Structures are given as C-alpha cells and as structure tokens.
Amino acid sequence: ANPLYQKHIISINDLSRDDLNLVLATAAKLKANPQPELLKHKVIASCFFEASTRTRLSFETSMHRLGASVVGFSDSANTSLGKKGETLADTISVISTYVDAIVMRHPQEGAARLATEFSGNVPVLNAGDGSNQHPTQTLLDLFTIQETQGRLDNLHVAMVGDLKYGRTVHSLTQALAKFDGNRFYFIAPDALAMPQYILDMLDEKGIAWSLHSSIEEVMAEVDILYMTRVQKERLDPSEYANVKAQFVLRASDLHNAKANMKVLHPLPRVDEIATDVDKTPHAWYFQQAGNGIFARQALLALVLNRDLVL
Amino acid sequence: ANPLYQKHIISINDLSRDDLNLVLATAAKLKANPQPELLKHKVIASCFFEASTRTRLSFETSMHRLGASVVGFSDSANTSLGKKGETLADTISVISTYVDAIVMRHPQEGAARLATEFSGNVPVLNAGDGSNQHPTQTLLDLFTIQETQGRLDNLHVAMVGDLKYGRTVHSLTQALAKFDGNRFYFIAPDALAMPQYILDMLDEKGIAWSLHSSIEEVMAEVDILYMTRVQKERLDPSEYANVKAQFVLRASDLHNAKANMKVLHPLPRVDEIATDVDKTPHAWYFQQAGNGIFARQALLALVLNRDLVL
Amino acid sequence: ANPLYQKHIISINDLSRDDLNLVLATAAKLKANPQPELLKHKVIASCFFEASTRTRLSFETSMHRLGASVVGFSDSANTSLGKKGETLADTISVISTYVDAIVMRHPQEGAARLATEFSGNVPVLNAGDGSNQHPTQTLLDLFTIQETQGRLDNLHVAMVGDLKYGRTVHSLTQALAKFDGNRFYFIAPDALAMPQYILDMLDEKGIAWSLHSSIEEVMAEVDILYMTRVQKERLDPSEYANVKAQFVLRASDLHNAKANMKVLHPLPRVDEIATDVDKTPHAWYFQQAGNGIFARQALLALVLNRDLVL
Amino acid sequence: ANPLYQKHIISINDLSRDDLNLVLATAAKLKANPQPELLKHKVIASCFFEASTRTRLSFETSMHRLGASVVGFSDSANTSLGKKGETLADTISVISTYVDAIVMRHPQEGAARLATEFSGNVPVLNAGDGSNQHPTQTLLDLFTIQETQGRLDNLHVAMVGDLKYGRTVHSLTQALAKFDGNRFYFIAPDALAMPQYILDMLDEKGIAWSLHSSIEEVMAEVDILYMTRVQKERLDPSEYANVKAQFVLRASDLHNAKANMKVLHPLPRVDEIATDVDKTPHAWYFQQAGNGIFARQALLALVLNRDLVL
Amino acid sequence: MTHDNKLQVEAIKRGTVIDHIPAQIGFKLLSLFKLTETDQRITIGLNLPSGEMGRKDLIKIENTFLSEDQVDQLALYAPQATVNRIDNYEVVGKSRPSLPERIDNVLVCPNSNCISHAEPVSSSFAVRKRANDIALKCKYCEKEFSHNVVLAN
Amino acid sequence: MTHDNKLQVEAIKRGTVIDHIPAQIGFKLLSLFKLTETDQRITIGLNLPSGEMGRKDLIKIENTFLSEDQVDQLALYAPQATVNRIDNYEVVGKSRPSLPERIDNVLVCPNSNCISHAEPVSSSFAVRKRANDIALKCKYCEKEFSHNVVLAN
Ligand SMILES: Nc1ccn([C@@H]2O[C@H](COP(=O)(O)OP(=O)(O)OP(=O)(O)O)[C@@H](O)[C@H]2O)c(=O)n1
Ligand SMILES: Nc1ccn([C@@H]2O[C@H](COP(=O)(O)OP(=O)(O)OP(=O)(O)O)[C@@H](O)[C@H]2O)c(=O)n1
Ligand SMILES: [Zn+2]
Ligand SMILES: [Zn+2]
C-alpha cells in the first residue's frame, strides 16, 4: 500500500522529502495519462467554512476529473451549521458518517487537525486553516518549480512581498528547506519581514539566505521569483503608497533574467505584478494555478487508493 | 410495481405500517449490497428554500450513492427565487419540467403538499415543512430503532426534552403508534409538554403512556431514549437555567440502563447530552445520522423504480 | 431633602408605598401648574442602548418640559459605546463625569444596578433592563389608575395577555400590592400564566386573586382592565390562533363594564384591542401614554431638586 | 479680538505655544466659574460622519453647558449626507448657511481642512479626520497634564502601546515639543514604533528621547505614563499574545512610581490597563475624560466670543 | 509543638482549625475562599479517619483568625464544620456556621442575560429560608433561583 | 528530634511524598493535576519552612504511586521537587522531575484564534528547551511560544 494511503494531509511539516517526491511524481503521471474513473463511486465532502472560490473550484474540478461525486457547502453566506452551538467535533463526527474524504477550509488555526480526531478512517485534507497551513498550495507551487526548473534543489529562489503574514511563503520555505543547496533572497518592506522562526530554522540547517531591498540586486541569479500580495490593511494608506509600495514587478525589470526564470504568485494579484509581465515567457502564475489540478488530484488518488498502477 | 412507486413522500400520516416496513426492509438491503448505478441518468432537484446543511448533505450523498445527478440551491442566502413575486406553484411548475424528483425543505407548513399539485408526475419528497412534517427524519429514526432493537413493537421508548415544539418527537410517536404494545414515557418541563392531540390519539388506540419528571425514574425499563434539544428562546434565560434545565444526560445516569438501551437525538445536540456519554455503548446519535443515508436511499430507490430486484 | 433627592430609581421593589405616593402627588402638581425652568442648566444623558422610540421620546419630552438639556443616543446596529471590549462600567464611569443624571435602557438585566456603582453621585434612572424592571412605566400606570379611579386601594384589577413575560404586569402587581385590599383577576392562556412567585408573594400579604379564562367572566366587577400584548415569538402560529374564541377586546365585550372601568395597555396594541374600543369611554391607553410625561417629570424633579415647593 | 476668535481648529500643528496656553488657561477658568448662557442663541452642528459616542457626547455636553443649541447627526450605515454623489463640499456649503459653527469627525484625512474652504466665515472644529489629526484630544491631555503636574515643561513623559498608529500620541508629542526640556520614553513593540518623522522632528529641537521595552524600565523616573490601546486588527493573534511577559499595566507595576505620576489613556481600555490600577492614586483616565468638557468649552467660547472676561 | 500524628493531626500554636468539613469540600473551600493566599503555615488533612461522617477533611491556618462572617460564608458548603480559634495551644473558641444574609463573590448567576458575567463587579446573592431549601437572589438581575441550581453552575 | 522539624512526622506507610515544592506552586499542583480527587489520605503542608532552602510546600499522598510521566509533568512548575515513593515506612526511590516530551491537558494556547478554545479537545504542547528557555508548540495551531507567555495565558 503506498505511504500516504489513508493519511490526513494537514501540515507540510508532516510530509517528508520522500512524501513530497511521491506526490510530485504522481501529479506528473496523472498529467500525462488521465485516470478519470479512478475514484468512481467515491463521494467527497468539500466543506469550505470560510469561502475561497479559487481553491474550491480547483479542488472540486480535480475531484471531478478522477470521477468522484462532490457534496458540500461554501459559507460566510450563512448556510446553517455553527447554529444552535454545534461544535466542529460534532459536525465532522456527523459528516464523517457518509463521505469517503473531507476537504476543508476553516478560519481558525488548528481546525483541520481537530477534524482528524473525529473522522474515524475518513481522511481529512486541509485546504486552509487560518494563518497556519495550506499544504495543497505548497504542493502545487513545488510541482510548478520542479516541472519548470527540472529540480527542487540547488535553486536560487527569491521571495518578494509581505513575508510576515503570507502563510504560503512560510510553508514553501519549509518545504524547500527539505531539499539541498537552495538559496533564499527575501525582499520585503521592513514592517513585513520574514519572521525569525523561519530564519532561525534556515540558519540551523546551514541554508544560505539574504535580505535585499530591490529585485534589481538579484534578478540575475534567480530561478524562481515568488511574489506575494501585500494587503494594504497590513500597513496604512500612506505607508502602503509611500516608498515601501515598490515591490512591483514590471516587464522592464526582467531585462536580464535568466532564460529559465519564472514568476509565481498564489493570486489574487492586484497590482504588484503589472499586466505587461503576462506577455513575457517568465510569467507562470496562471500555469501555476492550472498545476493545482494535478497536485490536488495526486493527493486524492494516493490517499483513497491502496495501490496505484501508474 | 411496488406501492411507493411514484408517490409523494409528504407526511408520515400517509404511510401505513406496510409502507414503513417496505422502506425499512429496502434500507437494510442497500446497506448490505450497494446499488450505485440504480438511479443512473436520473437528475434530482435539491430545493432547500430554508437552509439545513445536515439534511441537505445527507439527502445529496444518498442521491450520489445511487448514481443520480443533483442540481439545486440552498437559500436564506438570497439565491434569486421568490423574486418579482414568483409564486411557489410557478416555481415547481417550472422545476418540474426537467428533473425527475424534487426533494424540498420550505419554511411554511404545507408547502410540500402544494408542490404536489403542480409537479405532474415528478415525485415530491418533503425534507421539512415548517413545524408540520419531516418523514425522512422519522424514517431514519425508525430504521435505527429496528436495526438496534430487532423490532418496532413492544418497545419501551422514553421521549425527553422539548416535546411541545419538537416536530420529530411528534411524528415518531405517530409512526410508533402504528405498531403494537409500545409504551411511552414523556419527561418534559411543564412549559414544553407533549400536546393533547398526540396524547388523545394515544389514548384512543389504547397505547400506554406516562409523564415522569426524571430519567432516573425510568432508565431501568427503557429501550430507546430519544432526547430533544430545548431551544432557550422557547423559555427565558432564567427559566431555561432554572430547575427546569435538568433534562441533561450524563454518563453517570446510564449506570443501570438495559444492555440494549440506545440514546438517539436528531442533532444539534448542544448541551442536553454530555460529551462523556459518547464513550458508552448506548450513544447512538451519530450512528443514527449515518442511517439517514440508507433510509433516504431507499425512498429514492422505491419512488423512482417500478420494480426493484433486491 | 425630599425622600428621593439624589436617589437611584432602579426597581419598583426598592420604593415604599409612601415614595410611590410622593411621586404620584408631585406628578399631579406638575400636570396642574407647570414649571418649565425647573432643571434649567441641568444636562441629562438619554443612553438608550436598546431602542424604544416611545419611551425615549416620553423621557426626553419630560426633560425638556422642565427645561433641561439632553445628550444621548439609541443603538440599533450602530454607534460605538459598550462595543464589546469597552465595558458598561467604563462607559458609565466616563459619562458620569459629563452629566447630571443618566436615564438608561439596556438589554441585559441589572445593567442599571451595575451602572449605580460606577456613576459616582450621578443618579441613574432605569428605563428597562432586559426582562427585570421598568419603574417609570409602573409609575405612570398607577398615576393613571389614581386619577381615573380616585384611589390606589380596594380595586378590582383584571390583568390580561402574556402574564408570564409581561415585565410591566409583574411590576404593577408588586406595586399595587403595597396599597390595601386589592383584588386581582388574571386572565391568561395557561402557557402564559402568572409565575408562582407573584402568586406566592400575594398570598403572604393576604391578597385575593383569581385566575379566569375570559375577560367576559369578570367584565362586570372590574375597575382597571390591564391588557398586555400577546407575543407571537414563543408561541406557535397555530397555538396563538387557537386560544378559545380568543382573548382580544372589542366594544361588544364592554357592554357590561362599569361606568368607571378603564382599559389600559402599555402599548403597542397590534390586535388584542380592536379600533372600536378606541371610541368607547372606557378606552384609556392613549391618555395613559400622555401621563407618562407627568410621571417622569415628577421623578426627575424629585431626584434632582432637594425641596420642591410646587 | 482673542487670538482664536473665529479661527478654524484643524491641526495641533497650526496652534503656537501661546494659543495652547490660552486654551488651557480659559478651560481652568470655565472649570472654576461656569458661564451657562455664554453661547445663548448660538446653534452648533455636530456632524459626525464617523461615529464616536464618547467624543460626540463630550462635545455636545460642552455645547450645552455653555447654553448653545445643537443640530447634527452620526452615521454608521445610515442617513444621507455625502451619500456619494453629494460632495463633502456641497454638504458644508449647505450646512454653513444654517449654523454658527461646525464640529465634524470624518474618516478621510483632511476632510476638516477641505471643509474650511466651503464653510464661509463659519469656524470648523476637527473632531477626527482619519489618521491625521484630533486637536481637542490633545487639548484635554495637556490640560490634564498641566493641572496634575503643575506645568507643561521639564516632564518625563512615557508613551506606551501602538506608537506607530495612535493618532493621539503623534499629536501629543508635537504639542509637548513646543514647551521646554521634556524627556520622552517610548515603549512600543518594534512592529508598532514611533515613526522616524516624530523622532527626526524631536532631534531638530534638541529634545531627549529614548525607546525602552518595558514600562518597568522607566517606572521610577516618570511623571506622565500615557498608555495607548494596542490594536489587534494589524497584528497577528499570536504576535499580539507573544510580546515579552507583556506591556499592560497592573498595580504591582506601580509600586515604584512617583507620588505625582499619573496614568492617562485616551480610552477605551480593553485590557492594557487592569481594573486594579483604577483604584490606585495614579489612575487618571476618567478625570482625563471629564476634563474633555472644560477643554472643549474653552475652544468654543474662544472661537465664538471676541473677548471673554471670565 | 505538641505530638502531631495524622489520623487526627495535632497542635498549632495560635490560629484556626476548621474541622468536620464534609468530604471533598475541603479543597473547594481552599479554592473558593482563597485561604491559600496567606503566607503563614497552613496544614491540611484530606479524607481523614474520624468524626461521624467517618471520613472528613480538616484545615489548620496558623496565626490567622477568621470569623463572624468568614465562618458564615462556609455555611453553604460546610455547615457542620466547627471553627476552632486557638491561642497558646488551647481552643479558646469553637464556632459553627449559620446561613448569612449575603454570599459575595463565590457564586455565578445561572441567568445568562445577567450583566454580572461580563463586568468588574463581584457576584452577590441575598440568601433565604433555612434547611427546607435555600433560595438565592442575584443582586443585579433580581432573579431568584434554588441554591442547588446556582451551586451546580 | 527538636530543632522543631516535623513534630512527630506523618510518616506514611506506603505512598508518594512530593517535597521541596517551591512555595505557592503547592496549591497550583493540586488543582492542575487533580491530586485531591481521590479517597486516600493526603496531608498537605503550605509555606513550610525549609530554613535550609527558604520555604516550601509538601504533599503527602497515601497508597498512591504517581510516577514516571506523572512526575515529569511537574517540571514546568516545581523543577526543584523530589518525589519519593515509600513501600513500607521509608524512602524506596526518590525521583526528580525531568522535562517531558509533551505537556497535555494542563496549559492553554495563548492564540485566541486557536481552535482548542471552543472545542472538546485536551490541549497538548510539544516541549523544547531552547537553552535559555522552553518553547511550547501547540499541536493545533502549531504556533510556538515562550513557556512564560503560556504559563500565565
Ligand atoms: N493547639 C491545638 C489544639 C487543638 N487542635 C485542634 O482542635 C480541633 C478540635 O478542638 P478540641 O475541642 O480540642 O477537640 P474536640 O473536643 O474533638 O472539639 P470538637 O468536639 O468541637 O470537634 C482538633 O481537630 C485539634 O486538631 C489543634 O490543632 N491544635
Ligand atoms: N516513613 C516516612 C519516611 C519519609 N517520609 C518523607 O519522605 C521524604 C523523604 O526525605 P528523606 O530521604 O527521608 O530525607 P530528606 O533529606 O528530607 O530528602 P531530601 O534530600 O529530598 O530533602 C521526607 O520529606 C519525609 O517526610 C515520610 O513521610 N514517611
Ligand atoms: Zn443575575
Ligand atoms: Zn493553539
């Protein structure tokens, strides 16, 4: 039976290098020969207690492309649970009673891991829990680095944007640190710096990282440029606009980028990457979103299937 | 053709003992050998004009486990019908024009029965109509009594909680009165008593029932303990909390319960059944919710299928 | 000074027979010989944390007919104090450095009594605190009973409607039970009956009370008919519509009443009192609301003036 | 006339040392010998386009203790002016033909200064304009500092909390930097620090300032402790909860403070100041809010009266 | 100093001995009445082999004397206890509790709309009707409940 | 004998004696680890003079052998505590608290948005001594905090 069989995909910290590589090699096969009836007769719950359209539509299309049925709700549009005082332990103990896997997003951190205490043998895959984890975004990001760069090690990765509160830059740094010789460049306004616990973890594994205040200082060496959106609530109007708003990529800055450099962004991109960037070979943000289909398909395949003939 | 073929499952008062037993014997076969393609090519509408997640997710999973497609809406999240002034007779006359069965919940009493006047030959199955009926909750409850107790007659059933406004205790008493020698114990605060029309119907069939003020007075003799939630709007804050809030089950009270006794609760349970009860063999509220899958599957099977080979 | 000078007016329970008569005596004098510059230079705060247009306007008009200034607010889904984080206690502690008196209505019980411990020497007057108390409504009912019947003792008072949850009827019985020889008739639906506490109190004083089920049963002996509104929220639609051939009041019912019998209602009166009662001589609910001005003028003048020689 | 006669009060930046002392001098006279008919026949408009119950009530009570009339509004999700289509400029142009002065609080910065160009010769007083300015809060803090410490210069002032975004602390430093020899201690979490502009200004005047990380580090030398509320919206839950063994104030911390040390807070104080500080002699936030009345009375009397011989 | 032993432990000089605390109420009394917040020696005997209850609890607080109404807040929980006041190795005082007229701080109003929950005030209840079974009225919301109900939670 | 010490010590026959409890943690450990919820003889001594180590507390629990894991849990509170078992009137093992792998039940996540607050879940933190302090990671929100931020709340 494969190692992920019937596991809960709750945190990136729980998946090893070998786990990562297994998911990424399966995503590459499903992308090459479809298996549209692999999850026939399986019903899956798509519980999104906090709405997220991008993520939901992608998880459900992946469920649909392997042949499973989907039941479920998107909320913060008061679809009745949470009423009376139904605990999350009780909701998941009743949903667990008729679906074969639960995909869930929830606003508090830790909710997917608690769901795990109540689901019996129905796998729980986390699609976001507050500011804590989002494994399936890290898995699709990694798949897009591997597929475009040929590797996951010896990479020069720049992370640009709000690094303090961006839940996806924090997990991708933890996943990439599982691998060898990667080098990080962080470019963030002073108020949105990459937290100490990330930096301390990097130092302790001997991985190289540095702070730069301009993409221009590092464009030349960079393989993956992962941009993040700054939400202007995180600063004030005048701070946002002040000399700190220039973490914006334009086509002109790519002038001297390596021929293999790719620009990645979890999305919504609102203005940090200008529309003219789209025309360049380096723009890979949307191709990155399409890759979320094969990384989520692979996790559902590996988790619901004992043996998989590839 | 089976008797339920193409019938509207609107009220428990319309289903006979024989009807009840037929649904319950089919639920037992579908639970034992799945028939996941029985309703292939059927499309079903899940119209929930009032939201109810628990009930919807279960009805749709049951539809999915027999192979039907589901289209539909959950509202009180203003999904556009009711607008302009579209009568319910007109909505159901247009939905009836392309789906093979309508499952519907609506806030006013009588709405499912009216849908029946406009659907032509498309069966209408009621998933709740105001404070009137909810057949599919009574059917799953009965299935859970039969499956755990071996029978539906000669039962000692205690009903505890808000008996005045609890729409499911009122129907289950009417269904159980279809059967023989059952004995009822009602334990309710004075303001939430079991209504006269129920009691009068029991007296007239010669069925035994009695009022007790403590589970403790009757634990010993009881087979099914059906607890209901009191909503504190039905009383005032201080009434709720006053000596009337002790219709709460704890593990300690089960001390001397018969080895076959089961605790059932339609859910949300908020505090009337304490979390430590869950660990006992008698807690069957969640297993009761899982049984809603086979009782709703059986009704969809029997209603859309002429002949059923079992 | 006068007995009530600088006193907090929180509960009818806290004012003796003589205090109630002092108020009622002043209010008759203020009705007869007005004093428009009595609180000249006083600023009262009208803090309606819960909105009631009728109570707020009667109070502010009281404030202004004695020449006072007014600052305050009402809060349905709006304007900041309390918020949650800001305590009622810090709101009062702040507001009691700005004003000379605080009239307040709040949804949780005892909010006015809590206020009293933070207002310094600033009097606080309760305009409603949840289901606990509303002293100025009882003060205007008793003034209306005194000026129509000529006394407050030896009255045949009939109380009708929701006796279980009308806060004004619990207070009015308390108050009329400080004067002597009153006979009480309580006509309520048994779901909505007088609590045992009012009744147990009344028996310790030796007061005569009876419960009837139709106003028609006492029309002939009664002096005050106090009609309360029956509350549809904690009644089922079908229960509400089923009570006898009803307990609403129509002029046909009055053909039997004494010449000096009066119909009082705290208002609003949606449908328990029909429009034709409005033109009989027994109709007194609107004169009752005008007496609100004289009862609250009295309370404010006595609380804020040491000696009043009016 | 007096220096401030008919002047607009928009920014603390715009009032010199002597103007600030004139205000503070008048407010001490109005506190001592009240003049209730000073603005008899004046109508002020209390236009709170943004709601603040505490600021609106302090102002209107000011208006009324000087005998003025008041027309105005507050707007959380309601009542029409501005709307969007109707400019702030046409609202003011219309309202300045009706009133004698305009006190206004608005969410965008500079709204009060825009107002000034449309009000004709009608003075406008700023009660808050986004994150820019709030002059009458600084005027009451300085009055409270002057009447407790006896002067406004040579003070050891400690400023604590969100120094980056507290608008009152940016203003208070500006103002106290017009008097001589003040020493500033700024205890903030580095995510929430004094901006470089306040600091760069303070160095051009030669003023001494230091940054510390615990109130415990300066408790012993300090005269005013100005506590600000730390704002959970732009802090992560886990960041907020992690700052040292905290920077909230408890009486244990005060055992070291000077006899004349005072704790000020613009309020609300959810949890940075514990309830036990409230009963020490160093607690002065509620007296501070009462001085709001005398500082705004002074500003209104000086703006609307040519010469005041009080 | 005098012979302790522990089946019925001995002699403190000067202080209070609350003896014949029912059983499992001893720690409730230490928790609730914060008897522990002293800096003096406290000695406590829990589930002890004696006076007729069979097992009982006992608390000895040296150098502190609590009384008149402190002894009375004990009445709801430990009504059959004796509070011995001791000076110089002798029980110069034996007291018992009686229902007070006010129980401050220790209870929680079972009425959820009560304002007392949220705020910097202490709970307070008027007590009444001895040993046929006590009613407690909240100071603030003025709802009167059965003591066993407030006492449950 | 006398240089006071003991005054004829409550020498138990079989049990656990936790000694050197650092002053004021004594009551904390009872409540937190629910040591009084038993029917066996306990004798607690609070603010006992440890002239030799200032002050201390000490719990004597009879016919109880709280061990291995149970002892290690106390390390966050009373790091300096010697548990000693007794099989027949004297010390037959004297164990010190060593820092454990995980700390369950006792402790609250500082994170107000952590799901553990609203739910039927027992807290659990992974212990890690960052040689200067002990960091505690919540298993649910997976946020890591100084043990002193957690140990107030
Ligand atoms: N210096 C002393 C003297 C007495 N005691 C305590 O005082 C309590 C009871 O006082 P006492 O009258 O001396 O014994 P009793 O007659 O049993 O008192 P009662 O009958 O009221 O229980 C005993 O538990 C004993 O431990 C004590 O600890 N220290
Ligand atoms: N029958 C006994 C024997 C010992 N003890 C207790 O067990 C503890 C063990 O201490 P011990 O090894 O006897 O000598 P200490 O020097 O007191 O131990 P430590 O080094 O921890 O101070 C003492 O507090 C003593 O009260 C006891 O209650 N009963
Ligand atoms: Zn209360
Ligand atoms: Zn946590």
Side-chain angles (χ1 to χ4, degrees), chain C residues 8-15 47 49-50 81-94 104-119 124 126-135 138 164-165 167 170-171 173-175 195-201 204 234, chain E residues 31-34 37 68-70 72-73 75-77 79 98-153:
Chain C
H8 293 292
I9 305 298
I10 289 149
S11 163
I12 209 63
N13 217 234
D14 285 358
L15 313 175
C47 305
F49 301 97
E50 175 189 88
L81 258 288
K83 152 156 288 203
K84 187 177 71 196
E86 165 52 24
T87 37
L88 178 54
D90 279 356
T91 301
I92 297 306
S93 307
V94 179
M104 62 175 303
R105 183 186 256 229
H106 189 107
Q108 291 169 265
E109 289 94 48
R113 180 138 271 139
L114 190 109
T116 277
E117 315 189 334
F118 296 100
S119 59
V124 344
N126 189 12
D129 58 336
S131 59
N132 171 26
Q133 206 61 235
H134 198 356
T138 312
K164 191 184 183 198
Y165 305 115
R167 98 235 274 209
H170 301 171
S171 300
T173 307
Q174 219 115 254
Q196 198 75 355
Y197 82 91
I198 296 290
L199 303 179
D200 281 354
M201 180 264 291
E204 280 189 60
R234 337 124 174 134
Chain E
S31 299
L32 253 29
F33 291 116
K34 306 207 111 47
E37 230 82 75
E68 248 49 73
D69 19 88
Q70 275 184 295
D72 276 350
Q73 298 291 253
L76 254 196
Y77 305 88
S98 265
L99 262 320
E101 56 176 68
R102 228 177 107 83
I103 298 182
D104 287 67
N105 301 287
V106 141
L107 292 145
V108 177
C109 191
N111 167 25
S112 36
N113 204 25
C114 187
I115 193 78
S116 57
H117 288 114
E119 303 271 319
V121 300
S122 302
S123 53
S124 194
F125 282 91
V127 173
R128 55 125 102 131
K129 210 168 195 157
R130 299 233 315 122
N132 55 48
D133 284 19
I134 323 294
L136 294 171
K137 176 176 181 188
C138 184
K139 175 178 181 179
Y140 297 97
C141 72
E142 302 162 51
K143 297 298 172 166
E144 188 168 58
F145 303 101
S146 188
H147 70 307
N148 29 275
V149 173
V150 176
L151 272 152
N153 195 105

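Per chain, numbering begins at 1; letters A, B, ... match sequence-line order. Just so it is clear, the values below take in all heavy atoms, side chains as well, and ignore hydrogens, waters and symmetry mates.
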Greatest number of non-hydrogen atom pairs under 4.5 angstrom with chain E, of C/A112, C/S11, C/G130, falls to C/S11
So, the part of C/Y197 with a heavy atom under 4.5 Å from chain E: the answer is neither
Q. Under 4.5 Å between any side-chain heavy atoms of C/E117 and E/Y140, yes or no?
A. yes
Checking E/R128, E/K137, E/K139 against E/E144 for salt bridge (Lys or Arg N to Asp or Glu O under 4.0 Å), the one that qualifies is E/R128
Okay, C/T116 and chain E: the region with an atom under 4.5 Å from a heavy atom over there is neither
- More than 12 non-hydrogen atoms from neighbouring residues, nucleotides or ligands closer than 6.0 Å to CG on C/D200, yes or no? yes
Between C/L114 and C/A89, the two heavy atoms sitting closest are CD2-N, 4.3 Å
So, the part of C/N13 with a heavy atom under 4.5 Å from chain E: the answer is side chain
Between the CD1 atom in C/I12 and the OG1 atom in C/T173, the distance rounded to the nearest 0.5 Å is 11.5 Å
If one checks every heavy atom of E/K143 against chain C at 4.5 Å, the contacting part turns out to be side chain
